[PDB]
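Participant: Below is a structure I'd like to ask you about.
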Amino acid sequence: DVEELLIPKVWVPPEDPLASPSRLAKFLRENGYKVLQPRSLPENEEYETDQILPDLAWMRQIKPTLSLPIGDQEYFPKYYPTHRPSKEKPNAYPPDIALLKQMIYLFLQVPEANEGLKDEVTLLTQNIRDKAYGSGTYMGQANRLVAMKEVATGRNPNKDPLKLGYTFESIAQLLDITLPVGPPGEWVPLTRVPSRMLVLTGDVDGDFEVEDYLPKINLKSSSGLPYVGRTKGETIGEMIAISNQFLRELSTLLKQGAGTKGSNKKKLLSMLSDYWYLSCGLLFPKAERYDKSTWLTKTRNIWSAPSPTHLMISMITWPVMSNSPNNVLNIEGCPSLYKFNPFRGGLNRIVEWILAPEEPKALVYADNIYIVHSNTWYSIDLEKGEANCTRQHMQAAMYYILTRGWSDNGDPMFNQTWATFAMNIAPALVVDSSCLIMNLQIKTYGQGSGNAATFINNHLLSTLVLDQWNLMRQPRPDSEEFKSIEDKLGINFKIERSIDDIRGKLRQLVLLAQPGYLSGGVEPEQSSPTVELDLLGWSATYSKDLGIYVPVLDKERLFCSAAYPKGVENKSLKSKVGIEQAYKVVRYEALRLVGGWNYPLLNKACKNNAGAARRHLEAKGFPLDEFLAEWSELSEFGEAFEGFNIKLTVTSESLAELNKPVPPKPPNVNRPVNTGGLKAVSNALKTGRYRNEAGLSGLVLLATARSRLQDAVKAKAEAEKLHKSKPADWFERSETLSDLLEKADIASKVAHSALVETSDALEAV
């Protein structure tokens, strides 16, 4: 017989068999994973801030020196992340057994416990047994990398879209539908260095107004190279200083040009090799609820970009993307789910979209594709989306953001320094670049993971799948015809979920809605039926009080989260007992707020445990109200509630006001809104004839991309000459430009484009 326990024994993780650079390199070489020749880095040295950033000397009110990579001694960078829990320290992230015990306690207090309620105990227990929250292992990270490499080079090797018949403009016209963008506006054009994005207007004595045009960074996240072991918040001056120098040196290189006989070529190679570290990310082990069985085989990675690289790319994308709340709910025929929020009537409107007789139809968010076809709901994920990205995918994304974000009626709102960086440098820094793990510098296959940095690129990849789907008359996702798309584009995907008779099942939610907080305004004794699309993590259920469909956190996601709570991070001097009890209040109430309210045992157990923590803090005189002021920052589900200004209370009233329909935000697009849909654009695009909707800025970027890096100034001149000669069909316009670049002898040779040249220079010390 086998011993069985109510409360699982503390799990001791297996030993990491790759916790050594000798073992790691052996494993990578055995799998044919590329290990780069190590590049060195000048040691960090203190320099007076007023000498490096004199334009920010007015910041005397509320670092006298900056630590800069300028020292005469070179070092090889090292990054050894800590994996928690481990065999040595297994108690890092314990399961919430107090919640489990409370659920069991409550289920026993019920006369003749109903299998229905018992299933909540069974589901939580199974999650505790099979899962573990933590950072995985080096072995897991390495196995994941080989899997990332398999997606890029293995079964279905990556393909650059431009080689398949796509162009920068044809992709841009597809993204006009799937990702509509507005201007940076509510702004300054891309013509200035980061330190000049902080503007003082008025007299600096009696409180002057300060204009902040810099994108917002996570101050607690890793700084990246060249500052391992430091946060972004303690390297702010440094990341601006390095960005300043990089852009100033780049401007100089473009000012000097190619030189006689191309004599300035070595100056470009010298600079790019000097700034190699901008193309090398720290391989951060992602903390997640992993399966225990795959602790050594699967650890997700976060490609921690260097701070200057992140800052410079963000200066292009963030001002546009933060000012583009454009989606399915405010633009007709738009498949985008960008900025979608399920609350305030959001989910009700998507369900009504699904229930509409029209089909086939698609929905898109990053690597996520949602399709309804033949009355069936399909949730499609790109198989490790980031690993499918080529450098040409990203420069096409950069082309899109610049031509419709950074353009004033066709005219470029960016200079050639910024055009060069976006088209010919930035794709090379973060795609098919490398990473640092231990003391080893190894290749990155595709783009490195990180939801923030990868969004536009993944969305583009999904947009191409949707285009290819349209071209073959929108076949059913589970057919061989739909599967052939991955071979066509070199982009791996899979169906994670499908629900047959989707409309019928959504309609039955209205009929079979059970009494609860949003139907009768009472504490539920039975869970109300929920329909499981996993629409960005959300299920649908029907509220009788509001008369619409409410959002319910995916059941499996909800119980995984309940099983293994996340840590706080460090806490220098927190009450250490009050702060802990306060974090439990956040944990349990936020768990109810996202969907726990729908599940009777979970709801009541979270309510009780949070209540016991509240009463303990009330008696001890803890500032709980002040602690819960910005609770969204303290919760794993905070992103869904950001900007609502709501308290952490889960009542009939609070759930009603959270879900009460509020009219969708007006669309913000930097051009006439296209309402025709993606099918119309796909069919018009396959004929080969389409116009230049980018105008002058499109030709400038074409010339920049098609010509040598140091000839970027001449490139713009040739594009300006073509634009003035017109006094449109792309195609003939791009052929004429390509002829002008050939006549000026500035056009790069095939297989030796500016993008490929910068990549080689970054890994050639």
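Ordering of the structure tokens sets the chain letters (A, B, ...), residue numbers begin anew at 1 in every chain, and ligands are numbered from 1 in the order given.
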Any idea what's packed within 10 Å of residue 395 of chain A, counting only C-alpha atoms, ignoring anything in its chain fewer than 4 positions away? Could you give it as number ranges by chain?
Facilitator: A: 168, 390-391, 399-401, 421-428, 457, 701, 705, 755
Participant: Please provide as a PyMOL selection string all residues within 10 Å of residue 624 of chain A, with the sequence filter that same-chain residues fewer than 3 positions apart are discarded (counting only C-alpha atoms).
Facilitator: chain A and resi 578-579+581-582+585+614+617-618+621+627-629
Participant: Do a neighbour search on residue 140 of chain A at 6 Å with only C-alpha atoms, toss out local chain neighbours closer than 4 positions, and write the hits as JSON, numbers by chain.
Facilitator: {"A": [296, 297, 298, 299]}
Participant: Among segment 20-247 of chain A, which residues does DSSP mark as helix (DSSP H, G or I) when it is run on the backbone? Keep the chain and numbering as in the structure and answer as a PyMOL selection string.
Facilitator: chain A and resi 21-30+49-52+54-56+97-108+115-130+138-153+161-163+168-178+194-197+232-234+236-247
Participant: Counting only C-alpha atoms, what is within 12 Å of segment 55-68 of chain A, bar same-chain residues fewer than 3 positions away, as a PDB file with N, CA, C and O atoms, in the first residue's frame?
Facilitator:
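Result file is selection_12.pdb:
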```pdb
ATOM      1  N   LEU A  41      34.391  43.833 -21.393  1.00  0.00           N
ATOM      2  CA  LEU A  41      33.716  45.077 -21.079  1.00  0.00           C
ATOM      3  C   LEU A  41      34.631  45.922 -20.200  1.00  0.00           C
ATOM      4  O   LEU A  41      35.206  45.406 -19.244  1.00  0.00           O
ATOM      5  N   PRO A  42      34.791  47.219 -20.527  1.00  0.00           N
ATOM      6  CA  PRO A  42      35.587  48.082 -19.653  1.00  0.00           C
ATOM      7  C   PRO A  42      34.940  48.246 -18.278  1.00  0.00           C
ATOM      8  O   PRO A  42      33.718  48.397 -18.178  1.00  0.00           O
ATOM      9  N   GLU A  43      35.765  48.193 -17.235  1.00  0.00           N
ATOM     10  CA  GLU A  43      35.296  48.276 -15.852  1.00  0.00           C
ATOM     11  C   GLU A  43      34.600  49.596 -15.549  1.00  0.00           C
ATOM     12  O   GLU A  43      34.993  50.648 -16.058  1.00  0.00           O
ATOM     13  N   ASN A  44      33.561  49.522 -14.720  1.00  0.00           N
ATOM     14  CA  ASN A  44      32.789  50.694 -14.325  1.00  0.00           C
ATOM     15  C   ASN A  44      33.588  51.615 -13.409  1.00  0.00           C
ATOM     16  O   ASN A  44      34.180  51.167 -12.426  1.00  0.00           O
ATOM     17  N   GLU A  45      33.606  52.901 -13.750  1.00  0.00           N
ATOM     18  CA  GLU A  45      34.391  53.892 -13.024  1.00  0.00           C
ATOM     19  C   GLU A  45      33.569  55.148 -12.748  1.00  0.00           C
ATOM     20  O   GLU A  45      32.748  55.555 -13.572  1.00  0.00           O
ATOM     21  N   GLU A  46      33.804  55.755 -11.587  1.00  0.00           N
ATOM     22  CA  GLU A  46      33.062  56.940 -11.160  1.00  0.00           C
ATOM     23  C   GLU A  46      33.481  58.195 -11.922  1.00  0.00           C
ATOM     24  O   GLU A  46      34.672  58.483 -12.058  1.00  0.00           O
ATOM     25  N   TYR A  47      32.488  58.926 -12.422  1.00  0.00           N
ATOM     26  CA  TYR A  47      32.699  60.211 -13.089  1.00  0.00           C
ATOM     27  C   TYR A  47      31.672  61.233 -12.622  1.00  0.00           C
ATOM     28  O   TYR A  47      30.519  60.884 -12.365  1.00  0.00           O
ATOM     29  N   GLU A  48      32.097  62.490 -12.524  1.00  0.00           N
ATOM     30  CA  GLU A  48      31.227  63.589 -12.108  1.00  0.00           C
ATOM     31  C   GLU A  48      30.017  63.717 -13.037  1.00  0.00           C
ATOM     32  O   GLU A  48      30.170  63.847 -14.252  1.00  0.00           O
ATOM     33  N   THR A  49      28.823  63.672 -12.447  1.00  0.00           N
ATOM     34  CA  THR A  49      27.558  63.745 -13.186  1.00  0.00           C
ATOM     35  C   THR A  49      27.412  65.056 -13.961  1.00  0.00           C
ATOM     36  O   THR A  49      26.866  65.071 -15.066  1.00  0.00           O
ATOM     37  N   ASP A  50      27.912  66.145 -13.379  1.00  0.00           N
ATOM     38  CA  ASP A  50      27.851  67.472 -13.995  1.00  0.00           C
ATOM     39  C   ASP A  50      28.715  67.579 -15.258  1.00  0.00           C
ATOM     40  O   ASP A  50      28.513  68.476 -16.080  1.00  0.00           O
ATOM     41  N   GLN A  51      29.671  66.663 -15.405  1.00  0.00           N
ATOM     42  CA  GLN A  51      30.542  66.620 -16.580  1.00  0.00           C
ATOM     43  C   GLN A  51      29.953  65.785 -17.719  1.00  0.00           C
ATOM     44  O   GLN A  51      30.253  66.027 -18.888  1.00  0.00           O
ATOM     45  N   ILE A  52      29.121  64.805 -17.369  1.00  0.00           N
ATOM     46  CA  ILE A  52      28.513  63.901 -18.350  1.00  0.00           C
ATOM     47  C   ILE A  52      27.116  64.382 -18.742  1.00  0.00           C
ATOM     48  O   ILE A  52      26.734  64.312 -19.913  1.00  0.00           O
ATOM     49  N   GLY A  71      36.621  52.514 -17.718  1.00  0.00           N
ATOM     50  CA  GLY A  71      37.904  52.082 -17.151  1.00  0.00           C
ATOM     51  C   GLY A  71      38.861  51.418 -18.129  1.00  0.00           C
ATOM     52  O   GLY A  71      38.439  50.848 -19.138  1.00  0.00           O
ATOM     53  N   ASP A  72      40.153  51.497 -17.821  1.00  0.00           N
ATOM     54  CA  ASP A  72      41.205  50.945 -18.679  1.00  0.00           C
ATOM     55  C   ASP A  72      41.291  49.416 -18.624  1.00  0.00           C
ATOM     56  O   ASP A  72      41.803  48.786 -19.553  1.00  0.00           O
ATOM     57  N   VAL A 193      18.325  63.677 -27.930  1.00  0.00           N
ATOM     58  CA  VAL A 193      18.897  62.705 -26.995  1.00  0.00           C
ATOM     59  C   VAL A 193      18.046  62.624 -25.716  1.00  0.00           C
ATOM     60  O   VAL A 193      17.386  63.603 -25.356  1.00  0.00           O
ATOM     61  N   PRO A 194      18.045  61.452 -25.040  1.00  0.00           N
ATOM     62  CA  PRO A 194      17.264  61.194 -23.821  1.00  0.00           C
ATOM     63  C   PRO A 194      17.352  62.262 -22.726  1.00  0.00           C
ATOM     64  O   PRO A 194      16.356  62.518 -22.050  1.00  0.00           O
ATOM     65  N   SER A 195      18.524  62.871 -22.547  1.00  0.00           N
ATOM     66  CA  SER A 195      18.708  63.908 -21.527  1.00  0.00           C
ATOM     67  C   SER A 195      17.986  65.207 -21.884  1.00  0.00           C
ATOM     68  O   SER A 195      17.708  66.032 -21.011  1.00  0.00           O
ATOM     69  N   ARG A 196      17.689  65.379 -23.170  1.00  0.00           N
ATOM     70  CA  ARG A 196      16.945  66.541 -23.650  1.00  0.00           C
ATOM     71  C   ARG A 196      15.434  66.283 -23.708  1.00  0.00           C
ATOM     72  O   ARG A 196      14.670  67.134 -24.166  1.00  0.00           O
ATOM     73  N   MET A 197      15.019  65.110 -23.233  1.00  0.00           N
ATOM     74  CA  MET A 197      13.600  64.768 -23.108  1.00  0.00           C
ATOM     75  C   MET A 197      13.038  65.256 -21.770  1.00  0.00           C
ATOM     76  O   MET A 197      11.838  65.149 -21.510  1.00  0.00           O
ATOM     77  N   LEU A 198      13.924  65.787 -20.929  1.00  0.00           N
ATOM     78  CA  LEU A 198      13.550  66.435 -19.675  1.00  0.00           C
ATOM     79  C   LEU A 198      13.740  67.945 -19.815  1.00  0.00           C
ATOM     80  O   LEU A 198      14.865  68.448 -19.754  1.00  0.00           O
ATOM     81  N   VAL A 199      12.631  68.656 -20.006  1.00  0.00           N
ATOM     82  CA  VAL A 199      12.657  70.083 -20.339  1.00  0.00           C
ATOM     83  C   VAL A 199      12.204  70.962 -19.172  1.00  0.00           C
ATOM     84  O   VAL A 199      11.141  70.739 -18.589  1.00  0.00           O
ATOM     85  N   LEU A 200      13.025  71.957 -18.838  1.00  0.00           N
ATOM     86  CA  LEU A 200      12.661  72.976 -17.857  1.00  0.00           C
ATOM     87  C   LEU A 200      12.178  74.237 -18.575  1.00  0.00           C
ATOM     88  O   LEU A 200      12.912  74.833 -19.369  1.00  0.00           O
ATOM     89  N   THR A 201      10.939  74.630 -18.294  1.00  0.00           N
ATOM     90  CA  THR A 201      10.359  75.842 -18.868  1.00  0.00           C
ATOM     91  C   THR A 201      10.009  76.843 -17.771  1.00  0.00           C
ATOM     92  O   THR A 201       9.247  76.533 -16.852  1.00  0.00           O
ATOM     93  N   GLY A 202      10.582  78.039 -17.873  1.00  0.00           N
ATOM     94  CA  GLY A 202      10.370  79.094 -16.886  1.00  0.00           C
ATOM     95  C   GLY A 202      11.624  79.413 -16.093  1.00  0.00           C
ATOM     96  O   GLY A 202      12.739  79.113 -16.527  1.00  0.00           O
ATOM     97  N   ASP A 203      11.434  80.029 -14.927  1.00  0.00           N
ATOM     98  CA  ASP A 203      12.539  80.406 -14.048  1.00  0.00           C
ATOM     99  C   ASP A 203      12.792  79.329 -12.995  1.00  0.00           C
ATOM    100  O   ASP A 203      11.878  78.935 -12.265  1.00  0.00           O
ATOM    101  N   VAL A 204      14.036  78.857 -12.930  1.00  0.00           N
ATOM    102  CA  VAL A 204      14.435  77.825 -11.972  1.00  0.00           C
ATOM    103  C   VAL A 204      14.823  78.437 -10.624  1.00  0.00           C
ATOM    104  O   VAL A 204      16.001  78.476 -10.254  1.00  0.00           O
ATOM    105  N   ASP A 205      13.813  78.922  -9.903  1.00  0.00           N
ATOM    106  CA  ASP A 205      13.991  79.511  -8.575  1.00  0.00           C
ATOM    107  C   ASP A 205      12.708  79.379  -7.756  1.00  0.00           C
ATOM    108  O   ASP A 205      12.711  78.773  -6.681  1.00  0.00           O
ATOM    109  N   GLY A 206      11.617  79.939  -8.276  1.00  0.00           N
ATOM    110  CA  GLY A 206      10.315  79.880  -7.614  1.00  0.00           C
ATOM    111  C   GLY A 206       9.422  78.802  -8.195  1.00  0.00           C
ATOM    112  O   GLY A 206       8.298  79.083  -8.619  1.00  0.00           O
ATOM    113  N   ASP A 207       9.932  77.569  -8.201  1.00  0.00           N
ATOM    114  CA  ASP A 207       9.242  76.385  -8.740  1.00  0.00           C
ATOM    115  C   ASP A 207       8.929  76.476 -10.238  1.00  0.00           C
ATOM    116  O   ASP A 207       7.946  77.103 -10.648  1.00  0.00           O
ATOM    117  N   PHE A 208       9.778  75.842 -11.045  1.00  0.00           N
ATOM    118  CA  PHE A 208       9.607  75.807 -12.497  1.00  0.00           C
ATOM    119  C   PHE A 208       8.871  74.546 -12.939  1.00  0.00           C
ATOM    120  O   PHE A 208       8.949  73.508 -12.277  1.00  0.00           O
ATOM    121  N   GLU A 209       8.157  74.644 -14.061  1.00  0.00           N
ATOM    122  CA  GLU A 209       7.450  73.501 -14.634  1.00  0.00           C
ATOM    123  C   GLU A 209       8.408  72.596 -15.407  1.00  0.00           C
ATOM    124  O   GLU A 209       9.150  73.059 -16.278  1.00  0.00           O
ATOM    125  N   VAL A 210       8.389  71.308 -15.074  1.00  0.00           N
ATOM    126  CA  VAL A 210       9.263  70.321 -15.708  1.00  0.00           C
ATOM    127  C   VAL A 210       8.455  69.401 -16.625  1.00  0.00           C
ATOM    128  O   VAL A 210       7.481  68.776 -16.193  1.00  0.00           O
ATOM    129  N   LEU A 225      23.147  44.690 -18.694  1.00  0.00           N
ATOM    130  CA  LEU A 225      24.518  45.121 -18.964  1.00  0.00           C
ATOM    131  C   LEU A 225      24.546  46.624 -19.253  1.00  0.00           C
ATOM    132  O   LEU A 225      23.602  47.153 -19.842  1.00  0.00           O
ATOM    133  N   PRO A 226      25.622  47.319 -18.834  1.00  0.00           N
ATOM    134  CA  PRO A 226      26.813  46.829 -18.138  1.00  0.00           C
ATOM    135  C   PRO A 226      26.742  46.899 -16.605  1.00  0.00           C
ATOM    136  O   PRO A 226      27.772  47.089 -15.954  1.00  0.00           O
ATOM    137  N   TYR A 227      25.548  46.742 -16.038  1.00  0.00           N
ATOM    138  CA  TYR A 227      25.368  46.847 -14.587  1.00  0.00           C
ATOM    139  C   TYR A 227      24.642  45.641 -13.993  1.00  0.00           C
ATOM    140  O   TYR A 227      23.488  45.743 -13.565  1.00  0.00           O
ATOM    141  N   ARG A 230      22.527  45.349 -10.363  1.00  0.00           N
ATOM    142  CA  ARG A 230      21.924  46.652 -10.107  1.00  0.00           C
ATOM    143  C   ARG A 230      20.531  46.747 -10.718  1.00  0.00           C
ATOM    144  O   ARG A 230      20.221  46.064 -11.694  1.00  0.00           O
ATOM    145  N   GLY A 233      16.480  51.626 -11.323  1.00  0.00           N
ATOM    146  CA  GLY A 233      16.317  52.780 -10.438  1.00  0.00           C
ATOM    147  C   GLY A 233      17.607  53.343  -9.871  1.00  0.00           C
ATOM    148  O   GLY A 233      17.677  54.529  -9.542  1.00  0.00           O
ATOM    149  N   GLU A 234      18.628  52.498  -9.750  1.00  0.00           N
ATOM    150  CA  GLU A 234      19.938  52.959  -9.282  1.00  0.00           C
ATOM    151  C   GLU A 234      20.940  53.194 -10.421  1.00  0.00           C
ATOM    152  O   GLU A 234      22.110  53.488 -10.173  1.00  0.00           O
ATOM    153  N   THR A 235      20.468  53.077 -11.664  1.00  0.00           N
ATOM    154  CA  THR A 235      21.294  53.347 -12.848  1.00  0.00           C
ATOM    155  C   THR A 235      20.613  54.289 -13.861  1.00  0.00           C
ATOM    156  O   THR A 235      20.923  54.247 -15.056  1.00  0.00           O
ATOM    157  N   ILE A 236      19.702  55.136 -13.375  1.00  0.00           N
ATOM    158  CA  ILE A 236      18.932  56.051 -14.234  1.00  0.00           C
ATOM    159  C   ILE A 236      19.833  57.034 -14.988  1.00  0.00           C
ATOM    160  O   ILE A 236      19.724  57.167 -16.209  1.00  0.00           O
ATOM    161  N   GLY A 237      20.715  57.712 -14.257  1.00  0.00           N
ATOM    162  CA  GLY A 237      21.670  58.639 -14.854  1.00  0.00           C
ATOM    163  C   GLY A 237      22.610  57.948 -15.825  1.00  0.00           C
ATOM    164  O   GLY A 237      22.949  58.503 -16.872  1.00  0.00           O
ATOM    165  N   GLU A 238      23.016  56.729 -15.474  1.00  0.00           N
ATOM    166  CA  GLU A 238      23.898  55.909 -16.303  1.00  0.00           C
ATOM    167  C   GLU A 238      23.270  55.518 -17.645  1.00  0.00           C
ATOM    168  O   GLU A 238      23.911  55.653 -18.688  1.00  0.00           O
ATOM    169  N   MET A 239      22.023  55.044 -17.615  1.00  0.00           N
ATOM    170  CA  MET A 239      21.328  54.600 -18.830  1.00  0.00           C
ATOM    171  C   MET A 239      21.047  55.739 -19.807  1.00  0.00           C
ATOM    172  O   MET A 239      20.972  55.520 -21.016  1.00  0.00           O
ATOM    173  N   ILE A 240      20.877  56.945 -19.269  1.00  0.00           N
ATOM    174  CA  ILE A 240      20.684  58.148 -20.073  1.00  0.00           C
ATOM    175  C   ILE A 240      22.019  58.576 -20.682  1.00  0.00           C
ATOM    176  O   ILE A 240      22.084  58.926 -21.863  1.00  0.00           O
ATOM    177  N   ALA A 241      23.076  58.521 -19.870  1.00  0.00           N
ATOM    178  CA  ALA A 241      24.430  58.874 -20.296  1.00  0.00           C
ATOM    179  C   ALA A 241      24.929  57.992 -21.439  1.00  0.00           C
ATOM    180  O   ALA A 241      25.495  58.496 -22.409  1.00  0.00           O
ATOM    181  N   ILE A 242      24.711  56.682 -21.317  1.00  0.00           N
ATOM    182  CA  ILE A 242      25.116  55.717 -22.344  1.00  0.00           C
ATOM    183  C   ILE A 242      24.292  55.896 -23.622  1.00  0.00           C
ATOM    184  O   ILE A 242      24.842  55.868 -24.727  1.00  0.00           O
ATOM    185  N   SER A 243      22.983  56.094 -23.464  1.00  0.00           N
ATOM    186  CA  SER A 243      22.087  56.377 -24.589  1.00  0.00           C
ATOM    187  C   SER A 243      22.488  57.652 -25.329  1.00  0.00           C
ATOM    188  O   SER A 243      22.473  57.684 -26.560  1.00  0.00           O
ATOM    189  N   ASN A 244      22.839  58.692 -24.570  1.00  0.00           N
ATOM    190  CA  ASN A 244      23.368  59.940 -25.128  1.00  0.00           C
ATOM    191  C   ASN A 244      24.593  59.708 -26.003  1.00  0.00           C
ATOM    192  O   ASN A 244      24.625  60.146 -27.153  1.00  0.00           O
ATOM    193  N   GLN A 245      25.594  59.019 -25.455  1.00  0.00           N
ATOM    194  CA  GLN A 245      26.828  58.730 -26.183  1.00  0.00           C
ATOM    195  C   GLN A 245      26.594  57.878 -27.426  1.00  0.00           C
ATOM    196  O   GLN A 245      27.137  58.177 -28.489  1.00  0.00           O
TER     197      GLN A 245
END
```
Participant: Residues near segment 487-500 of chain A, anyone? I mean within 7 Å using only C-alpha atoms, not counting same-chain ones fewer than 5 positions away, as a list in words.
Facilitator: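 The neighbour list is residues 151, 156, 157, 158, 159, 375, 376, 377, 378, 379, 380, 381, 382, 383 and 388 of chain A.
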